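Q: Got data-v8.cif for you, mmCIF, C-alpha atoms:
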```cif
data_target
#
loop_
_atom_site.group_PDB
_atom_site.id
_atom_site.type_symbol
_atom_site.label_atom_id
_atom_site.label_comp_id
_atom_site.auth_asym_id
_atom_site.auth_seq_id
_atom_site.Cartn_x
_atom_site.Cartn_y
_atom_site.Cartn_z
ATOM 1 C CA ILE G 741 110.127 76.162 93.587
ATOM 2 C CA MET G 742 108.598 79.599 93.045
ATOM 3 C CA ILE G 743 105.965 81.437 95.094
ATOM 4 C CA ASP G 744 104.888 84.301 92.813
ATOM 5 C CA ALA G 745 102.877 82.318 90.251
ATOM 6 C CA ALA G 746 99.655 83.976 89.121
ATOM 7 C CA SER G 747 97.067 81.159 89.572
ATOM 8 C CA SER G 748 94.180 83.589 88.919
ATOM 9 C CA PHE G 749 93.123 84.394 85.391
ATOM 10 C CA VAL G 750 90.424 86.467 83.710
ATOM 11 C CA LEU G 751 88.913 85.901 80.289
ATOM 12 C CA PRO G 752 88.563 89.183 78.349
ATOM 13 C CA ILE G 753 84.967 88.448 77.295
ATOM 14 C CA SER G 754 82.563 90.098 79.749
ATOM 15 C CA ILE G 755 80.045 87.309 80.337
ATOM 16 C CA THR G 756 78.625 88.980 83.487
ATOM 17 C CA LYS G 757 74.943 88.371 82.772
ATOM 18 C CA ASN G 758 74.184 85.133 84.650
ATOM 19 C CA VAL G 759 77.206 85.491 86.962
ATOM 20 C CA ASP G 760 76.159 86.755 90.394
ATOM 21 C CA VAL G 761 76.945 83.588 92.384
ATOM 22 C CA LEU G 762 80.610 82.942 91.547
ATOM 23 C CA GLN G 763 83.741 84.785 92.736
ATOM 24 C CA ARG G 764 84.256 88.031 90.816
ATOM 25 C CA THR G 765 87.226 90.390 90.656
ATOM 26 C CA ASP G 766 85.511 93.779 91.302
ATOM 27 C CA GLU G 788 85.185 89.751 85.480
ATOM 28 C CA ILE G 789 85.480 86.127 86.629
ATOM 29 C CA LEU G 790 88.417 84.629 88.506
ATOM 30 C CA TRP G 791 89.606 81.491 86.710
ATOM 31 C CA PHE G 792 92.115 79.659 88.878
ATOM 32 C CA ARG G 793 94.732 77.135 87.760
ATOM 33 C CA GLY G 794 93.340 74.279 89.846
ATOM 34 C CA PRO G 795 90.003 73.186 91.323
ATOM 35 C CA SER G 796 88.647 73.851 94.807
ATOM 36 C CA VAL G 797 88.977 71.992 98.120
ATOM 37 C CA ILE G 798 85.797 70.818 99.849
ATOM 38 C CA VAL G 799 86.276 70.203 103.577
ATOM 39 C CA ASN G 800 83.468 68.631 105.598
ATOM 40 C CA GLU G 801 84.331 69.769 109.136
ATOM 41 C CA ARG G 802 87.161 71.819 110.614
ATOM 42 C CA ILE G 803 87.244 70.563 114.226
ATOM 43 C CA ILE G 804 87.930 66.848 114.666
ATOM 44 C CA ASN G 805 86.801 64.719 117.623
ATOM 45 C CA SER G 806 90.090 63.136 118.694
ATOM 46 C CA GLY G 807 88.401 60.912 121.272
ATOM 47 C CA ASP G 808 85.310 58.962 120.081
ATOM 48 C CA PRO G 809 86.469 55.289 119.767
ATOM 49 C CA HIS G 810 85.339 54.967 116.131
ATOM 50 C CA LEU G 811 88.604 56.877 115.513
ATOM 51 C CA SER G 812 90.601 56.161 118.685
ATOM 52 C CA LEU G 813 90.732 52.325 118.167
ATOM 53 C CA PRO G 814 91.461 50.814 121.603
ATOM 54 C CA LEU G 815 93.173 47.431 121.713
ATOM 55 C CA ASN G 816 90.399 45.550 123.557
ATOM 56 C CA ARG G 817 87.511 43.404 122.247
ATOM 57 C CA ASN G 855 84.103 42.782 111.138
ATOM 58 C CA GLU G 856 81.387 45.192 112.274
ATOM 59 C CA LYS G 857 79.765 48.099 110.445
ATOM 60 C CA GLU G 858 78.110 51.222 111.826
ATOM 61 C CA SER G 859 76.187 53.680 109.649
ATOM 62 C CA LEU G 860 76.590 56.751 111.817
ATOM 63 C CA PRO G 861 74.128 59.643 111.316
ATOM 64 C CA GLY G 862 75.871 62.131 109.044
ATOM 65 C CA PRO G 863 79.233 63.818 109.619
ATOM 66 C CA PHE G 864 78.151 65.791 112.713
ATOM 67 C CA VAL G 865 79.326 63.191 115.260
ATOM 68 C CA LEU G 866 82.937 64.365 114.829
ATOM 69 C CA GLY G 867 82.415 68.125 115.116
ATOM 70 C CA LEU G 868 81.943 69.089 118.811
ATOM 71 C CA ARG G 869 78.517 70.696 118.855
ATOM 72 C CA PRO G 870 76.903 72.035 122.062
ATOM 73 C CA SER G 871 73.452 71.233 123.380
ATOM 74 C CA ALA G 872 70.424 73.438 122.748
ATOM 75 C CA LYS G 873 69.695 73.438 126.494
ATOM 76 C CA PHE G 874 72.868 75.435 127.139
ATOM 77 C CA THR G 875 72.315 77.541 124.024
ATOM 78 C CA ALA G 876 68.902 78.422 125.439
ATOM 79 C CA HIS G 877 70.724 78.878 128.752
ATOM 80 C CA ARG G 878 73.101 81.140 126.815
ATOM 81 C CA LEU G 879 70.397 82.937 124.829
ATOM 82 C CA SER G 880 68.818 83.692 128.185
ATOM 83 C CA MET G 881 72.324 84.832 129.122
ATOM 84 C CA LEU G 882 72.217 87.013 125.990
ATOM 85 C CA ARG G 883 69.405 89.254 127.244
ATOM 86 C CA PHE M 29 87.428 79.429 72.917
ATOM 87 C CA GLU M 30 90.635 77.412 73.224
ATOM 88 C CA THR M 31 92.591 80.327 71.685
ATOM 89 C CA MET M 32 91.538 82.632 74.512
ATOM 90 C CA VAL M 33 94.695 83.070 76.631
ATOM 91 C CA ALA M 34 93.599 84.845 79.798
ATOM 92 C CA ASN M 35 95.002 87.756 81.785
ATOM 93 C CA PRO M 36 97.162 86.767 84.778
ATOM 94 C CA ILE M 37 96.378 88.753 87.913
ATOM 95 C CA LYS M 38 99.662 89.658 89.601
ATOM 96 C CA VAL M 39 99.732 90.209 93.356
ATOM 97 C CA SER M 40 103.036 92.175 93.625
ATOM 98 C CA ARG M 41 103.717 91.015 97.237
ATOM 99 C CA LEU M 42 104.708 94.466 98.547
ATOM 100 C CA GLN M 43 101.218 95.627 97.525
ATOM 101 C CA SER M 44 99.727 92.677 99.419
ATOM 102 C CA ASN M 45 101.326 93.535 102.762
ATOM 103 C CA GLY M 46 101.185 97.146 103.879
ATOM 104 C CA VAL M 47 99.986 99.811 101.429
ATOM 105 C CA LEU M 48 98.201 102.611 103.289
ATOM 106 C CA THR M 49 94.860 104.178 102.391
ATOM 107 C CA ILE M 58 101.401 115.421 99.809
ATOM 108 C CA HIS M 59 99.544 118.702 100.305
ATOM 109 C CA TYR M 60 97.201 117.576 103.109
ATOM 110 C CA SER M 61 100.150 117.637 105.519
ATOM 111 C CA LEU M 62 100.469 121.409 105.202
ATOM 112 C CA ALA M 63 104.169 122.144 105.134
ATOM 113 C CA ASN M 64 104.589 122.322 101.319
ATOM 114 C CA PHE M 65 103.216 125.318 99.458
ATOM 115 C CA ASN Z 5 107.052 116.647 110.295
ATOM 116 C CA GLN Z 6 103.651 118.124 109.232
ATOM 117 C CA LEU Z 7 104.460 121.373 111.081
ATOM 118 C CA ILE Z 8 104.314 124.907 109.688
ATOM 119 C CA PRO Z 9 107.405 127.084 110.285
ATOM 120 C CA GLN Z 10 107.105 130.013 112.691
ATOM 121 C CA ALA Z 11 108.206 132.618 110.142
ATOM 122 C CA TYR Z 12 108.975 133.308 106.449
ATOM 123 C CA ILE Z 13 105.577 134.747 105.415
ATOM 124 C CA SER Z 14 105.179 138.514 104.902
ATOM 125 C CA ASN Z 15 102.140 138.800 102.612
ATOM 126 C CA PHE Z 16 101.529 142.402 103.681
ATOM 127 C CA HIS Z 17 102.452 144.450 100.604
ATOM 128 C CA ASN Z 18 99.918 142.444 98.599
ATOM 129 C CA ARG Z 19 97.291 143.362 101.192
ATOM 130 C CA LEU Z 20 98.590 146.933 101.053
ATOM 131 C CA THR Z 21 97.745 146.779 97.321
ATOM 132 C CA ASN Z 22 94.748 144.424 97.481
ATOM 133 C CA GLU Z 23 92.180 147.229 96.802
ATOM 134 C CA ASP Z 24 89.534 145.628 99.066
ATOM 135 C CA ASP Z 25 91.291 146.083 102.407
ATOM 136 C CA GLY Z 26 90.741 149.698 103.424
ATOM 137 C CA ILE Z 27 94.403 150.690 103.689
ATOM 138 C CA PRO Z 28 95.130 154.395 103.004
ATOM 139 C CA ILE Z 29 98.859 153.780 102.512
ATOM 140 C CA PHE Z 30 98.791 152.726 98.855
ATOM 141 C CA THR Z 31 96.401 153.560 96.022
ATOM 142 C CA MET Z 32 97.690 151.880 92.844
ATOM 143 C CA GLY Z 148 80.306 129.717 109.363
ATOM 144 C CA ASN Z 149 80.099 133.306 108.123
ATOM 145 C CA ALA Z 150 83.387 134.437 109.669
ATOM 146 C CA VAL Z 151 86.299 135.521 107.483
ATOM 147 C CA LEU Z 152 88.905 134.343 109.990
ATOM 148 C CA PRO Z 153 88.779 131.364 112.411
ATOM 149 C CA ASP Z 154 89.781 133.430 115.446
ATOM 150 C CA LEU Z 155 86.562 132.296 117.134
ATOM 151 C CA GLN Z 156 86.139 128.866 115.464
ATOM 152 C CA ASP Z 157 88.133 125.702 116.084
ATOM 153 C CA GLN Z 158 89.234 123.461 113.214
ATOM 154 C CA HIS Z 159 89.594 120.075 115.024
ATOM 155 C CA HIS Z 160 93.408 120.265 114.720
ATOM 156 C CA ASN Z 161 93.596 119.713 110.957
ATOM 157 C CA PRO Z 162 95.517 122.571 109.269
ATOM 158 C CA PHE Z 163 93.771 122.005 105.913
ATOM 159 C CA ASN Z 164 90.618 123.526 107.426
ATOM 160 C CA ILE Z 165 92.266 126.976 107.429
ATOM 161 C CA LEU Z 166 92.495 126.849 103.625
ATOM 162 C CA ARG Z 167 88.694 127.168 103.401
ATOM 163 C CA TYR Z 168 88.995 130.821 104.473
ATOM 164 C CA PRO Z 169 89.612 133.146 101.509
ATOM 165 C CA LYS Z 170 91.967 135.648 103.183
ATOM 166 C CA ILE Z 171 94.285 132.887 104.429
ATOM 167 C CA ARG Z 172 95.057 130.803 101.335
ATOM 168 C CA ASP Z 173 95.454 134.242 99.753
ATOM 169 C CA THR Z 174 98.425 134.581 102.116
ATOM 170 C CA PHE Z 175 99.641 131.040 101.371
ATOM 171 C CA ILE Z 176 99.582 131.384 97.578
ATOM 172 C CA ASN Z 177 100.435 135.069 97.063
ATOM 173 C CA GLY Z 178 102.758 135.116 100.084
ATOM 174 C CA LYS Z 179 106.511 135.587 100.121
ATOM 175 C CA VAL Z 180 109.496 134.705 102.308
ATOM 176 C CA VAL Z 181 111.105 137.528 104.265
ATOM 177 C CA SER Z 182 114.358 137.977 106.064
ATOM 178 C CA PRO Z 183 113.884 139.555 109.516
ATOM 179 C CA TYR Z 184 115.094 143.133 109.736
ATOM 180 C CA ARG Z 185 117.692 143.558 112.471
ATOM 181 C CA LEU Z 186 118.644 146.699 114.376
ATOM 182 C CA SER Z 198 115.329 162.395 127.486
ATOM 183 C CA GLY Z 199 113.209 163.763 130.317
ATOM 184 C CA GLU Z 200 110.081 164.936 128.503
ATOM 185 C CA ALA Z 201 108.850 163.736 125.119
ATOM 186 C CA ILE Z 202 108.015 166.368 122.504
ATOM 187 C CA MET Z 203 105.295 164.892 120.300
ATOM 188 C CA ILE Z 204 105.257 166.327 116.776
ATOM 189 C CA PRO Z 205 102.813 164.834 114.232
ATOM 190 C CA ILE Z 206 104.646 164.302 110.960
ATOM 191 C CA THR Z 207 102.745 164.031 107.699
ATOM 192 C CA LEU Z 208 104.279 162.025 104.864
ATOM 193 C CA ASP Z 209 102.781 162.643 101.419
ATOM 194 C CA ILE Z 210 104.912 161.188 98.616
ATOM 195 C CA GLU Z 211 103.567 159.994 95.280
ATOM 196 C CA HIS Z 212 105.789 157.229 93.939
ATOM 197 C CA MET Z 213 105.148 155.550 90.536
#
```
Show this structure as structure tokens.
A:
Amino acid sequence: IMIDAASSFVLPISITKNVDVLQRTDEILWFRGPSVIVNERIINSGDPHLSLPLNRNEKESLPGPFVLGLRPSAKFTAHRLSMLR
Amino acid sequence: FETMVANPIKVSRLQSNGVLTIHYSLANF
Amino acid sequence: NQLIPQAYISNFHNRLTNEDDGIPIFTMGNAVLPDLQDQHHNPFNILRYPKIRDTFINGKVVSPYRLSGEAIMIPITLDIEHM
């Protein structure tokens, strides 16, 4: 098992005409494998949809992925933006 | 386009870690 | 490191024969010297003065030379042409 593989490759043809959005060298980086898309970094380790207690076939279409991400209320953020200045 | 072997970009791990950024230390004329 | 030695520069004969310094010994900002200006403790700033890198480039290394009730003062003239 080696560590020093390249995994980043550049085609010699300069196609930098419509390429202002991708990841450039500063040429285009062409990796060996695809990317990883992660939804949220912080998990909600409580929240009994995930905790599964052992008391008492049901579905629940929860609104989006933002239930499991620990977001603060706008009341405190306004209380903190008043604490800003 | 499938005969277009690309250029590998080598990291050279010692260059990744601590390279800084000699006449300017004036003891060598 | 990064320290200049205290000796080993005697660029004086070149200034004896520099023909701009008014020395009668031999014949054949806006300051010149930073003796009123600081340099923010970087020794490269003294190379911007023209009479100082003149002593760093045209300089030499010397070895140090090593060695009555009423004075009678007699002025002695020395006039020798030499090459």
Q: Please report the interatomic distance between atom CA of residue Z:202 and atom CA of residue Z:30 in Å with one decimal.
A: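 Taking atom CA of residue Z:202 and atom CA of residue Z:30, their separation equals 28.8 Å.
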Q: Which residues of chain M have any atom within 9 Å of an atom in chain Z when counting all atoms listed in the file, and what is the closest pair of atoms for each, with the distance in Å to one decimal? Order the rows by chain and rising number and write it as JSON lines.
A:
```
{"residue": "M:59", "atom": "CA", "partner": "Z:163", "partner_atom": "CA", "distance": 8.7}
{"residue": "M:60", "atom": "CA", "partner": "Z:163", "partner_atom": "CA", "distance": 6.3}
{"residue": "M:61", "atom": "CA", "partner": "Z:6", "partner_atom": "CA", "distance": 5.1}
{"residue": "M:62", "atom": "CA", "partner": "Z:6", "partner_atom": "CA", "distance": 6.1}
{"residue": "M:63", "atom": "CA", "partner": "Z:8", "partner_atom": "CA", "distance": 5.3}
{"residue": "M:64", "atom": "CA", "partner": "Z:8", "partner_atom": "CA", "distance": 8.8}
{"residue": "M:65", "atom": "CA", "partner": "Z:175", "partner_atom": "CA", "distance": 7.0}
```
Q: Point out the residue among G:765, G:880, G:816, G:758 with the least atom-to-atom distance to chain M, counting all atoms listed in the file.
A: G:765
Q: Evaluate the PyMOL selection byres ((chain G) within 12 of (chain M)) here and jot the selected residues down as a VMD selection string.
A: chain G and resid 743 to 753 765 788 to 793
Q: Could you tell me, as a list in words, exactly which residues end up selected when the PyMOL selection byres ((chain Z and resi 206-212) around 12) is applied to this structure?
A: residues 28, 29, 30, 31, 32, 203, 204, 205 and 213 of chain Z
Q: In Å, rounded to a single decimal, give me how far atom CA of residue G:859 is from atom CA of residue G:798.
A: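 One can read the atom CA of residue G:798 to atom CA of residue G:859 distance as 22.0 Å.
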Q: Would you work out the distance separating atom CA of residue G:861 from atom CA of residue G:879, expressed in Å to one decimal?
A: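 So the two atoms, atom CA of residue G:861 and atom CA of residue G:879, lie 27.2 Å apart.
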Q: Just say which residues the PyMOL selection byres ((chain G and resi 810) around 12) picks in this file, as a list in words.
A: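 Applying the expression gives residues 805, 806, 807, 808, 809, 811, 812, 813, 814, 856, 857, 858, 859, 860, 865 and 866 of chain G.
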Q: Please, could you write that set of residues out with C-alpha atoms as a PDB file, in the frame of the given file?
A:
```
ATOM      1  CA  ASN G 805      86.801  64.719 117.623  1.00  0.00           C
ATOM      2  CA  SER G 806      90.090  63.136 118.694  1.00  0.00           C
ATOM      3  CA  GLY G 807      88.401  60.912 121.272  1.00  0.00           C
ATOM      4  CA  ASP G 808      85.310  58.962 120.081  1.00  0.00           C
ATOM      5  CA  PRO G 809      86.469  55.289 119.767  1.00  0.00           C
ATOM      6  CA  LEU G 811      88.604  56.877 115.513  1.00  0.00           C
ATOM      7  CA  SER G 812      90.601  56.161 118.685  1.00  0.00           C
ATOM      8  CA  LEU G 813      90.732  52.325 118.167  1.00  0.00           C
ATOM      9  CA  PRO G 814      91.461  50.814 121.603  1.00  0.00           C
ATOM     10  CA  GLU G 856      81.387  45.192 112.274  1.00  0.00           C
ATOM     11  CA  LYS G 857      79.765  48.099 110.445  1.00  0.00           C
ATOM     12  CA  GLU G 858      78.110  51.222 111.826  1.00  0.00           C
ATOM     13  CA  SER G 859      76.187  53.680 109.649  1.00  0.00           C
ATOM     14  CA  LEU G 860      76.590  56.751 111.817  1.00  0.00           C
ATOM     15  CA  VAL G 865      79.326  63.191 115.260  1.00  0.00           C
ATOM     16  CA  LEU G 866      82.937  64.365 114.829  1.00  0.00           C
TER      17      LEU G 866
END
```
Q: Considering only C-alpha atoms, return as a PyMOL selection string whatever protein or nucleic-acid residues lie within 7 Å of stretch 11-17 of chain Z, sequence-local ones (same chain, fewer than 3 positions apart) excluded.
A: chain Z and resi 20-21+174+177-181
